[PDB]
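**Student:** whatever this is, show me its structure:
(2 chains, ligands or ions: 1)
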Amino acid sequence: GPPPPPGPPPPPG
Amino acid sequence: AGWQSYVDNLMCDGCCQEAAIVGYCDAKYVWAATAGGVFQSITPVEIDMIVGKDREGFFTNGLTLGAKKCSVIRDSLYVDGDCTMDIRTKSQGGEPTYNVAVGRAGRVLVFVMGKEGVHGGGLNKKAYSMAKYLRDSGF
Ligand code: NA
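**Tutor:** Numbers count the residues shown, from 1 in each chain, chains lettered A, B, ... in the order given. The relevant structure is shown in the block below.
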C-alpha cells in the first residue's frame, strides 16, 4: 500500500 | 481510508460518478478509488499510457481506463501550471458518454468522472485544484 496523505484534503465546496 | 478521504472529497458535490487517486511516479497503481467504477481497475499499463512519452498515439488509438475505451479530447499533462487531461468515455450499446478529467501532481494522478451531462470544464477545475493542492504538499 501507498504512503499516507500529507494531511486532510481541502475543505469541501 | 486516508486516501479514501480524498476520493470522498472529490465526490462530495454530487457531480462525479467516481474518482480516484493513482500513483504514477514511484510505482504505477491505484491508491484509492470509488468501489465499482472503472478507475478502481486501472492497470499499470493504462497509467503508463496516460503519463508516457508518446503524447500523440492516444489521439489515433484512444486509450482505456479500467479496460473502458476512451478518447482524448485535450492533453496538457506536461504543460506546466496546468498538468491536466480531458478524456471522454466511448459509448457502447447506446449508453451516454461521460467526461473524465485527470490532474497530475508530482507523485499521483487525480481522476474524476462525471455523471451523465456533467461538462468537462468543472471536472477539469476539480482535478486541477486537487492535483495542485497535492503538488504544493510534495505529492
Ligand atoms: Na466508495
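**Student:** tell me where chain B has helices.
**Tutor:** Secondary structure of chain B, counting by DSSP state H: helices at B:2-11, B:44-51, B:57-61, B:120-136.
**Student:** so for residue B:35, which of those helices sits nearest?
**Tutor:** helix B:2-11 (9.6 Å; CB to CB). Using the backbone N, CA and C atoms, a C-beta is placed for each residue, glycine as well.
**Student:** put the alpha carbons of the closest one into PDB.
**Tutor:** This file holds the C-alpha atoms of helix B:2-11, laid out as PDB (Å, rounded to 0.1, in the frame of the first residue of the first chain):
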ATOM      1  CA  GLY B   2      -6.600   8.100   4.300                       C
ATOM      2  CA  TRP B   3      -6.600   8.500   0.500                       C
ATOM      3  CA  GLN B   4     -10.200   7.400   0.600                       C
ATOM      4  CA  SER B   5     -11.000  10.800   2.300                       C
ATOM      5  CA  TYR B   6      -9.600  12.400  -0.900                       C
ATOM      6  CA  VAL B   7     -11.900  10.300  -3.100                       C
ATOM      7  CA  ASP B   8     -14.800  11.300  -0.800                       C
ATOM      8  CA  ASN B   9     -13.800  14.900  -1.200                       C
ATOM      9  CA  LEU B  10     -13.800  14.700  -4.900                       C
ATOM     10  CA  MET B  11     -17.300  13.000  -4.900                       C
END
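**Student:** so which of the helices of chain B comes closest to residue B:100?
**Tutor:** Once CB to CB is applied to these, the stretch that comes out nearest is helix B:120-136, at 7.3 Å.
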